[PDB]
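Residue-level structural notes
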There are 2 protein chains.
Amino acid sequence: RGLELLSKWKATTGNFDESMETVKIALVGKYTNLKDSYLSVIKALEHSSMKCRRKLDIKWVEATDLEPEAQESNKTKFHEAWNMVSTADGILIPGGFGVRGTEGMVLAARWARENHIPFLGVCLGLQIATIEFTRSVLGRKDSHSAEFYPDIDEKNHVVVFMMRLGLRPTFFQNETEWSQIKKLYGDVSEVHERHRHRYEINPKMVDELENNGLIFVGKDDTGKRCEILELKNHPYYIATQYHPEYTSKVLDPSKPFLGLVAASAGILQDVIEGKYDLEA
Amino acid sequence: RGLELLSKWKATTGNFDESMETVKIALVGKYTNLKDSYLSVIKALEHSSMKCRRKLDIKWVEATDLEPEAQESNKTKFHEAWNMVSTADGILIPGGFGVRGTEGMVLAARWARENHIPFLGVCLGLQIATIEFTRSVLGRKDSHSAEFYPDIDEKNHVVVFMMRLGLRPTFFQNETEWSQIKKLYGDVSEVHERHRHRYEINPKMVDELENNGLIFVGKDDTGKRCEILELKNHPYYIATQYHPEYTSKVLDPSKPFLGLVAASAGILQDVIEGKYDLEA
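- Regarding how it was determined, this PDB entry cites cryo-EM in its header, along with a resolution of 3.5 Å.

1. Examining the relation of the copies chain A and chain B
- Mapping chain A onto chain B leaves a residual RMSD of 0.0 Å; the transformation is a rotation of 180 degrees accompanied by 0.0 Å of translation along its axis. Considering both components of the superposition, the chain copies are consistent with a two-fold axis. Every residue of chain A has its C-alpha some distance from the rotation axis, and the shortest such distance is that of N83 of chain A, at 2.6 Å.
- Mapped onto chain B, 100% of the interface residues of chain A again fall at the interface, so both copies present the same surface.

2. Comments concerning the pattern of salt bridges
Residues and elements named next belong to chain A.
- Using the criterion set out here, one finds 30 salt bridges over all chains in the structure.
- Residue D57 is joined to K59 by a salt bridge in which the shortest nitrogen-to-oxygen separation is 2.9 Å.
- For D57, a relative accessible area of 25% puts it in the partly exposed group.
- For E210, the salt bridge goes to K219, with nearest N and O atoms at 2.8 Å.

3. Remarks on the interface of chain A and chain B
- Each side of the interface is counted separately: chain A has 20 residues, and chain B has 20 residues.
- Taking both sides of the interface into account, the surface hidden between chain A and chain B amounts to around 1,900 Å²; carbon and sulfur atoms contribute 43%.
- Our enumeration of links across chain A and chain B arrives at 4 salt bridges.
- Across the salt bridge formed by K75 of chain B and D89 of chain A, the nearest N and O atoms sit 2.6 Å from each other.
- Where chain A touches chain B, the interface holds 15 residue pairs in polar contact.

4. Quick notes on unusual backbone geometry
- One non-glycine residue with positive phi stands out, namely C123 of chain A, at about 50 degrees.
- Along the chain, the position of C123 of chain A falls in the loop between β4 (119–122) and α6 (124–137).
- Phi is positive for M162 of chain B, which is not a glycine, with a value near 45 degrees.
- As for its placement among the helices and strands, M162 of chain B is situated in the loop between β5 (157–159) and β6 (164–165).

5. Let's talk about the packing of helix α2 (residues 39–51) of chain B against helix α9 (residues 255–264) of chain B
Residue and element names in this part refer to chain B.
- Close contact between α2 and α9 brings their axes to 9 Å; oriented N to C, the two are set at 60 degrees. Taken together, the axes of α2 and α9 are oblique relative to one another. Note that α2 runs across α9; the crossing there is right-handed. Residue-level contacts link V41, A44, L45, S48, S49 and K51 of α2 to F257, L258, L260 and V261 of α9.

6. Observations regarding helix α4 (residues 75–87) of chain A
- In this model α4 of chain A runs 18 Å from its N-terminal to its C-terminal C-alpha over 13 residues, within 8% of the 18 Å that 1.5 Å per residue would give.
- Those residues of α4 of chain A that fall on the buried side of the exposure criterion are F78, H79, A81, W82, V85, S86 and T87 of chain A.

7. Description of the environment of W82 of chain A
- By the element assignment, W82 of chain A lies in helix α4.
- Taking the relative accessible area as the measure of exposure, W82 of chain A reaches 3% and is therefore buried.
- For the pair formed by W82 of chain A and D65 of chain A, sequence separation is 17 residues and the distance between their alpha carbons is 8.2 Å.
- Not counting residues within four places of it along the chain, the set of residues in contact with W82 of chain A comprises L66, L107 and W111 of chain A together with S86, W111 and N115 of chain B.

8. With respect to the sheet that holds strand β13 (residues 237–240) of chain A
Residues and elements named next belong to chain A.
- If you trace the 9 strands from one edge of the open sheet to the other, you get β2-β1-β3-β4-β13-β12-β11-β7-β8, paired in mixed fashion. Two strands lie at the open edges of the sheet, namely β2 (55–62) and β8 (190–193), each paired on one side alone. The mean inter-strand angle of the sheet, taken between neighbouring strand axes irrespective of direction, is 25 degrees.
- Pairing of strand β3 (residues 90–93) with β4 involves 3 bridges; the strand directions are parallel. Within β4, the residue paired with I91 across the bridge is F119.
- Where α6 meets the sheet, its contacts fall on β3, β4, β11 (214–219), β12 (226–231) and β13, and the angle it forms with β4 comes to roughly 115 degrees.

9. Quick notes on the pairing of β2 of chain A
Residues and elements named next belong to chain A.
- Pairing analysis gives 8 bridges linking strand β1 (residues 22–29) to β2, with the strands arranged parallel. Bridge assignment links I25 to a residue of β2, and that residue is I58.
- For the segment spanning β1, helix α2 (residues 39–51) and β2, crossover handedness is right-handed.

10. Re the sheet that holds strand β4 (residues 119–122) of chain B
All names here are of chain B.
- In space, the 9 strands of this open sheet follow the order β2-β1-β3-β4-β13-β12-β11-β7-β8, with mixed pairing throughout. Each edge of the open sheet is held by one strand with a lone partner, namely β2 (55–62) and β8 (190–193). The sheet shows a mean angle of 25 degrees between the axes of neighbouring strands, direction not considered.
- Contacting β3 (90–93), β4, β11 (214–219), β12 (226–231) and β13 (237–240), helix α6 (residues 124–137) runs over the sheet at an angle of about 115 degrees to β4.
- Sheet strands in contact with helix α8 (residues 203–212) are β11 and β12, and its direction is about 120 degrees off that of β11.

11. What about the UniProt feature "active site" in chain A?
All names here are of chain A.
- According to UniProt, the feature "active site" maps to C123, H243 and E245 in the numbering used here.
- Not counting the four nearest positions on each side in its chain, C123 is found in contact with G95, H197, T240, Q241, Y242 and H243.
- Residue position: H243 is located in the loop between β13 and α9 (255–264).
- Residue contacts for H243: discarding those within four places in its chain leaves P94, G95, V122, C123, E193, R194 and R196.

12. Some details on the side chain of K30 of chain A
Residue and element names in this part refer to chain A.
- Considering the arrangement of structural elements, one finds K30 in the loop between β1 and α2.
- One buried charged residue, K30, forms no salt bridge at all, with the nearest opposite charge on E62 at 9.8 Å.
- Among residues more than four places away in sequence, those in contact with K30 are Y38, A63, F97 and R100.

Parameters at a glance
- Residues numbered from 1 in each chain as written, not as in the entry; some residues may be left out.
- Chains lettered and ligands numbered in written order.
- Part of a larger assembly, values for the part shown.
- Heavy atoms only, no water.
- Least-squares fit on C-alpha atoms.
- Contact = heavy atoms within 4.5 Å.
- Salt bridge = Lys/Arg side-chain N within 4 Å of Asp/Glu carboxyl O.
- Buried < 20%, exposed > 50% of the residue type's maximum accessible area, 1.4 Å probe, protein only.
- Buried area = accessible area lost by both parts, 1.4 Å probe.
- Polar contact = N/O pair within 3.5 Å; in protein donor to acceptor, adjacent residues only side chain to side chain.
- Helix = DSSP H or I, 4+ residues; strand = E, 2+ residues; numbered from the N terminus.
- Axes fitted to C-alpha atoms, helices over the stretch in contact; angles between N-to-C directions.
- Parallel < 35°, antiparallel > 145°, perpendicular 65-115°, else oblique.
- Left-handed = near helix turned anticlockwise from the far one by under 90°.
- Expected span 1.5 Å × (residues − 1).
- Pairing = 2+ DSSP bridges.
- Right-handed = clockwise from strand over helix to strand, strands pointing away.
- UniProt positions renumbered as here; feature names shortened; annotations may be inferred.
- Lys, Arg positive; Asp, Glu negative; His and termini not counted.

Here's what the structure looks like:
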C-alpha cells in the first residue's frame with residue numbers, strides 16, 4: 001500500500017504535466033479578494049481537476065459586483081464580474097459568510113439554471129439555489145433567507161441550532177436512481193460529511209420544490225433536513241448543505257466537486273463510467 | 001449657409017480626430033455576419049458618436065447564440081455572444097427580419113431592463129421590448145409575437161396592413177414631460193419618421209403596460225398605434241416602432257440613436273442641455 005500510494009501520486013502528478021485543455025470555473029461569493037478565505041474550495045477543485053486531466057482556471061467574482069445596483073455605482077467592475085460569469089464553463093457558489101453577496105449570487109444561480117451551465121452550490125449556495133428556484137420557477141419574488149427575519153411569511157429557511165457541526169451521515173432518497181451525484185458516490189446507500197449551518201430550507205415548502213423538479217436527492221437520518229438537491233433533467237446542477245471541500249483528498253477527490261469539473265469539461269458520463277480512475 | 005455647412009463638417013470631423021474615449025454597443029439581431037444588412041443602423045450610430053466626441057465600437061452579436069439551447073449546440077460561440085452582451089455600455093435591437101433571433105433578443109432586452117444598461121429597440125426591437133416586459137414584469141411567460149399565430153390568446157401583437165410605409169407623423173402623449181426621448185426632440189409637439197411594419201402591439205394590453213410603467217410616450221394621429229415606448233425611471237430604455245436610422249444625417253443625428261450613444265457615454269443630460277452642438 002506504500003508503493004501503490006507512490007504510483008497513484010505519480011499518476012495524479014503526470015495528469016497535471018500531461019494536461020492539454022483548460023476548464024474555466026467562476027467562483028462567486030463575498031470578498032473573493034481575500035483568497036485564503038476560500039482555500040479548501042480551491043484545493044477541492046485542484047484535486048478533482050487532476051482526475052479530469054484538465055487545467056483549472058478559477059475566475060474570482062465578487063458577488064456584489066453582479067448586482068443591478070453596481071451598474072450605476074461602479075460600472076467597470078460590474079462588467080468584469082459579468083464577463084467572468086458569461087465566460088465560465090461552470091459556476092460555483094462557495095458557502096460564503098454573512099448576507100452581503102446574496103443578491104448577485106441569486107443571478108449567478110439563475111444564469112446556470114436557465115442556460116445549461118454546470119453548477120455547484122455549497123451551504124449558502126444550496127440556500128441560494130433554493131431561493132433562486134423559488135424566486136424564478138415558483139414566482140414568489142419577495143422570498144429571501146431567514147436572515148431577513150421580520151418578513152416572516154416569505155422566509156425560505158428555518159432555524160436549526162441543535163450550530164450543526166462535524167461529521168454527520170446523509171442518506172439518498174430511495175427512488176432517485178436517475179441522479180448524477182448519487183452515481184458519482186458509486187451507488188453507496190449513504191455518505192458522511194462536515195457541516196457548519198444554523199439555517200435549513202423550510203420543510204413546509206420542500207414538497208412544492210420536489211414537485212416542481214428541484215428534487216432533494218439526499219436528507220438526514222430523520223428525513224426532516226435538506227442535505228443535497230439536484231435539479232431534475234439538467235446536465236449538472238447540484239447543491240449541498242454540507243461543505244464537501246472539507247473531505248476532498250488528492251487521491252480521492254470530493255464527489256460534488258468532481259462532478260462540477262467533469263461536467264464543465266463535458267466528460268461527466270465517462271468519469272462516472274470509470275475512464276479516469278488512477279490504476280486499472 | 002454653404003460656408004456654415006463646411007464649418008460644421010470641419011467640427012464633426014474634428015470631433016472624430018479629437019475623440020479620446022470609446023463607447024461599446026452590442027447590436028443584437030439575426031445574421032449579423034451579413035453586415036451590409038444593418039448598414040443604416042451603423043451609420044446612425046456613427047453620426048451620433050461624432051456628436052458625443054466618443055469612438056464607436058459596435059459588438060456584433062448573433063441573437064440566436066444567446067439562447068439557452070445554443071449552450072449545448074455550439075457552446076464556444078454562445079460564450080462569445082454573452083461576453084459581448086455583458087461588456088457593452090449599451091444594447092441595441094436593430095429591427096431584424098423574420099422570427100429566428102427572437103428568443104435571444106428577449107434575453108438581451110431583459111439584461112438591459114434589470115441592470116440599468118442603456119437600450120434602444122427599433123421596430124422588432126420595440127416588439128421585443130414589449131414581449132420581454134410582458135414576459136418578466138407581468139409574468140405571462142407564454143406571450144409571443146403575432147407571428148406564432150395559432151396560440152391566439154397570448155399574441156402580444158395585432159395585424160395592421162393598411163404594410164405601413166413611408167414618412168408618417170408621431171405625436172407625444174401630452175403629460176410625458178419627464179421623458180428623456182421627448183427632451184432630445186427639443187420639446188417639439190410631433191416628429192416625422194419612416195416605417196416598415198405589418199404588426200403593432202395589441203391595443204387591448206397597452207393600459208396594463210402603461211400602468212406598470214412601460215409608458216408609450218408617442219402614438220399616431222388616431223392614438224390607436226404604438227409608435228414609441230420609454231420605461232419610466234430607467235437611465236435610457238427606449239424603443240421605436242419606426243426605423244429612425246432612415247433619417248439620421250451627419251450634421252443632424254437621429255435622436256433615438258443620439259440618446260443611446262449619449263447614455264452609453266453617461267453624458268445624456270449634458271447632450272440634452274446642449275454641451276455638444278456644433279456652433280455656439
